[PDB]
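Descriptive structure summary
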Amino acid sequence: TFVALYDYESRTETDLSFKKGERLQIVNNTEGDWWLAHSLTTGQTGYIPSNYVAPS
């Protein structure tokens, strides 16, 4: 249960650009870098920046 600090505006389709206030389920990468989170709404996979996310 993390939180999207900001709305990472990715530019490539590889990473999906999420937003702040939306719920995301972290996937891997525990350190601080670019962990991949999966949205529970549709079920897409987007790399949310660690600086743009935070453990609740």
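Residues numbered from 1 in each chain as written, not as in the entry; some residues may be left out. Heavy atoms only, no water.

**A look at the overall build of the chain**
Along the backbone of the chain there are zero helices and four strands. Secondary structure elements of the chain, listed N to C terminal, follow the sequence β-β-β-β. Its C-alpha atoms give the chain principal-axis dimensions of roughly 25 × 20 × 20 Å. In the chain, buried positions account for 27% of the 56 residues. A sequence separation of at least 24 residues applies to 37% of the contacts in the chain between residues at least 6 apart. (Helix = DSSP H or I, 4+ residues; strand = E, 2+ residues; numbered from the N terminus. Buried < 20%, exposed > 50% of the residue type's maximum accessible area, 1.4 Å probe, protein only. Contact = heavy atoms within 4.5 Å.)

**Thoughts on the pairing of strand β3 (residues 34-38)**
As judged from the two bridges shared by strand β2 (residues 23-26) and β3, these two strands associate in the antiparallel manner. Its bridge partner lying in β3, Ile-26 is registered against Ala-37. Both β3 and strand β4 (residues 45-49) contribute to a ladder of five bridges, which runs antiparallel. By the bridge assignment for β4, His-38 is matched with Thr-45. (Pairing = 2+ DSSP bridges.)

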